[PDB]
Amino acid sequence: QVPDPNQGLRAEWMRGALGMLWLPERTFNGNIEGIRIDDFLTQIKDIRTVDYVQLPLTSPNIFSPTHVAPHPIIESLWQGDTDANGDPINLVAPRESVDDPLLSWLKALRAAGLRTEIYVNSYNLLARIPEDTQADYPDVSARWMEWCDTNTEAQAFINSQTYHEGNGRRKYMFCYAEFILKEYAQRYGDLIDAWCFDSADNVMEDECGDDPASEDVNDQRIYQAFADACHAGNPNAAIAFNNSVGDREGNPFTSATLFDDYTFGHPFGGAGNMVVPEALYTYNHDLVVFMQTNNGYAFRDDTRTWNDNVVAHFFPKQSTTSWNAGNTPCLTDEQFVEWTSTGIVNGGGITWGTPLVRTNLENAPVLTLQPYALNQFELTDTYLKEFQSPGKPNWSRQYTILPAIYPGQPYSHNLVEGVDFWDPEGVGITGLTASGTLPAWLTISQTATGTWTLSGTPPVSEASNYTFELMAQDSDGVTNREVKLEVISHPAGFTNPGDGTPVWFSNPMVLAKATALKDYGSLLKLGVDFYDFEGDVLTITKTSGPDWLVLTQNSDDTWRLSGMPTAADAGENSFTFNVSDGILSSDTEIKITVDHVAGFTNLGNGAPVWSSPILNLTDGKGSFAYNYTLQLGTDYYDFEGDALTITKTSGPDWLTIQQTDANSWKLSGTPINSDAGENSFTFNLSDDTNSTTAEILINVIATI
């Protein structure tokens, strides 16, 4: 039904809206499994005026194939390929049987009272640079295309319409919208408020022949495919496509397609600092002023009527370096507050590119804000609390979420002045009360100065939901907020013991097998592995078993087992795990089989082995210092995990060995040209009793 009469209107909440960005990097090959936004949300507890957070579905640029949510089709593209370390390769989603990180983040954001915006790079599973190869998913792009032009459903689709085919990789783009993108949208439903599609003109216009400038639906079919795929899941989801920055001499936003509910609103300037050089400061600040002048509407300035509700929105960076990370702010505290307030107070919306400390999941990630970003956001919060909507009380964020109804169980939730609601002028909240249809069992009382409590006990027979208004009062009047109550729904696979005891899924519990000298990874998750029928907060403890297994909490509903076993841990390992609610608890037995490192031959008598009789090493160069590290698990192995010693037994004098650490020995020395050619050495590997020797062979190239 294009042109769509809901276009833009469905992003009305975006007007005055303040957003943040949470973007981990290098998400592929299981990396994203078990990752949680909870620490971030803890850190920003005191930020009451923020409205939403942007999350990846895909990563940008050459990482556009890597997804953070599981999909059957994408998982198939894996084909189980592995690395020289056994680690996955060509896996560009989380394994469906392991984790859905996105659903985690989506629900945590909901519970935290926040809406969501989802980032998708338009190039998706295709390769942005086809004459490049990605050494982590080397042929996923190939396989996606492969899957596309040979599939019962996925040709009946490619051929289902005439406009599906055309220039470049157009047909594959429609694949993604229908089979990948639509499945996600349908799954998540109203947990997703907005989608922003990056690199849209790069691929949809320049490659696949769409015209974003046009108002002919036939020119914007890919734009349609993507929007419709999103609207199938949430008809109120606001859509934005990155069709480049606008004009410094005019509208700073590239004109709306028929499928834009809001402006993507990329800043002027390339990579790096969006306010240096200085001209960019003017261009970008004028963009924010544009949002103010136009009361948050992007396109009330042209000759088309249909785009008149499209919301003005900006996607700036807070750091000097990137959207999602960066050590240094590009704006002063004062400038940050001014830009934000100029842009959104009776204006449009802003997704700040808020920097986390360390986003690379392969390098000890710290997925919380840079202290300065919190600083700036807090100063902003103080301002918006006082000045965004003066007079009557303000409620926090976008929603007020109440705990679930548990039939027969006591109900209790606090609403706190300064947290959930406040008087802008700071005199105080003089009352809280309700109107509408409330549980007969519910009392609303003031339990301390500034704290109201919703409490009571639903009967066992309570099975109804509730929708009513809470009303906060100050000297100036009342402001309403719609709140919901919903009856809990227990997961299947669990038997209520009737006494409040938290329970494990089964006993024993066999987890995926570990490998010696390899970091272990397994998850324990509320509602899957353990559960509590009163929804009490739970603690898990390892109570017995070998030392190597490490337990850490990722969130209130997610724990992680890690650690590196040794060859000594080989075979069936057994562990006790307690789950407690603080009052009652229960145990289970966890079983993990530790396998030996592959590629070595057990001799059966306790002797260490070596990877080979001849370890052919890296060339040396005459007069250049030589270095090479021998590694337990790569070069040499002991099936009992005994401490090993390597001593030299023969060969040229220039090369010696010294223990680096428990697991590695360094061969070093400086060869000269007189040492040119194949230098043969012998080394002995002894443990306590049994010893085996190997040959090390280094070719020394003379410096001519």
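So that there is no doubt, residue numbering starts at 1 and follows the sequence shown.
**Student:** Averaging CA B factors per stretch from the PDB record, which one is higher: 70-78 or 108-116?
**Tutor:** Result: 70-78.
**Student:** Per the record, averaged over C-alpha atoms, which has the higher B-factor: 301-309 or 417-425?
**Tutor:** Per the PDB entry, the higher value belongs to 301-309.
**Student:** By the entry's C-alpha temperature factors, tell me which of 330, 291, 145, 579 sits highest.
**Tutor:** So the option with the highest C-alpha B-factor is 145.
**Student:** Going by the deposited entry, which of 375, 155, 363, 320 has the highest CA temperature factor?
**Tutor:** When the deposited C-alpha B-factors of 375, 155, 363, 320 are compared, 155 is largest.
**Student:** Hey, what third does residue 644 fall into on Cα B-factor, ranked over its chain?
**Tutor:** Residue 644: CA B-factor falls in the highest third of its chain.
**Student:** Split into thirds by Cα B-factor across the chain's modelled residues, where does residue 25 land: lowest, middle or highest?
**Tutor:** Residue 25: CA B-factor falls in the lowest third of its chain.
**Student:** Please place residue 671 in the lowest, middle or highest third of its chain by C-alpha B factor as given in the entry.
**Tutor:** According to the entry, residue 671 has a C-alpha B-factor in the chain's highest third.
**Student:** Relative to the other modelled residues in the chain, which third contains the C-alpha temperature factor of residue 469: lowest, middle or highest?
**Tutor:** Answer is highest: the recorded C-alpha B-factor places it there.
**Student:** Where does the C-alpha B-factor of residue 86 rank in its chain, lowest, middle or highest third?
**Tutor:** Residue 86: CA B-factor falls in the highest third of its chain.
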